[PDB]
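In: Got an experimental structure here, sequence first:
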Amino acid sequence: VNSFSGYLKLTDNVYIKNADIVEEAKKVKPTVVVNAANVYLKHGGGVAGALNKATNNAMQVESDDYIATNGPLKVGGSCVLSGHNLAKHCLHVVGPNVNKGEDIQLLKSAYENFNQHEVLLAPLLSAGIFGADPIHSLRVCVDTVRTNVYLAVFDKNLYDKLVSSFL
Ligand SMILES: O=C(NCc1c(C(=O)O)[nH]c2ccccc12)c1ccc2[nH]c(O)nc2c1
């Protein structure tokens, strides 16, 4: 038993809700919140900009030190950093950005990072300003992640479409 509430169950291990991931994280304080990161951990917009803003820019400060030490992530890769006031940990995961021409097949590799964590609160990778089809992202999620994932979908219209079209 965990503290996630109001989720619709899609499969044995995948759950979904129309919610702002920032507010969901603030209330649940999950062990892991996933950020929709880029390889530079520059948290300007989308989910990343919103999560970072909620940490009063502490996420960005920590991220800049990480990059200065380690260099950029790989597309499809991840790193574990602090969750600040939102979670114990933040798993920064880089899905391919279609608006940069990155290979969509890397979306499966991105979701594989979730399997290193028993339970996660996460957005749909490569959705929103990353330009991929969210219906496809949900399918890859369900077919790749084996650990327990609670997906927060900000837009109510998209949430309804994702549920109604789910196979
Ligand atoms: O951009 C937001 N969601 C779109 C999105 C999702 C998703 O929703 O599944 N996944 C992504 C991955 C990369 C880029 C964008 C997205 C968002 C989230 C919380 C907010 N809170 C607030 O005040 N504004 C917000 C905007």
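Out: On my side now, so go ahead. Residues are numbered from 1 along each chain as shown.

In: if I pick the residue of the chain found nearest the ligand, what's in contact with it?
Out: Closest to the ligand within the chain is residue 128: 2.3 Å, counting by CB to the nearest ligand atom. The way it works is simple: take the backbone N, C-alpha and C, and place the C-beta from them, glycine included. Contact analysis of residue 128 by CB atoms under 8 Å, 6 or more residues apart in numbering lists 36, 46, 47, 134, 154.

In: go on, residue 18?
Out: Residue 18 neighbours (CB under 8 Å, 6+ apart): 153, 154, 155, 156, 159, 160.

In: Residue numbers of the protein in contact with the ligand?
Out: With CB under 6 Å from any ligand atom as the criterion, the chain comes near the ligand at residues 20-22, 36, 46-47, 50, 123-124, 127-130, 153-154.

In: Which ones among these map onto strands?
Out: Taking DSSP state E as the definition of strands, those contribute 36, 153.

In: Pretty sure residue 129 sits against residue 95.
Out: No - counting by CB atoms under 8 Å, residue 129 sits too far from residue 95 to count as a contact (11.1 Å).

In: the more surrounded of the two?
Out: Ranked by neighbour count (other CB atoms under 10 Å), residue 129 and residue 95 place residue 95 first, with 29 against 15.

In: now residue 156, nearest residue through space, not along the chain?
Out: Distance criterion CB to CB, 6 or more residues apart in numbering; nearest residue to residue 156, sequence neighbours excluded, is residue 18 at 5.0 Å.

In: Got phi/psi on the one you found?
Out: Main-chain torsions, residue 18, degrees, to the nearest 10: phi -80, psi 110.

In: Would you mind checking the residues of the chain next to the ligand for buried ones?
Out: Neighbour-count burial within the residues of the chain next to the ligand applies to 21-22, 36, 46-47, 50, 123-124, 127-128, 130, 153-154; the criterion is 16 or more other CB atoms under 10 Å.

In: Just give me the closest of those residues to residue 140.
Out: residue 124 (9.3 Å; CB to CB).
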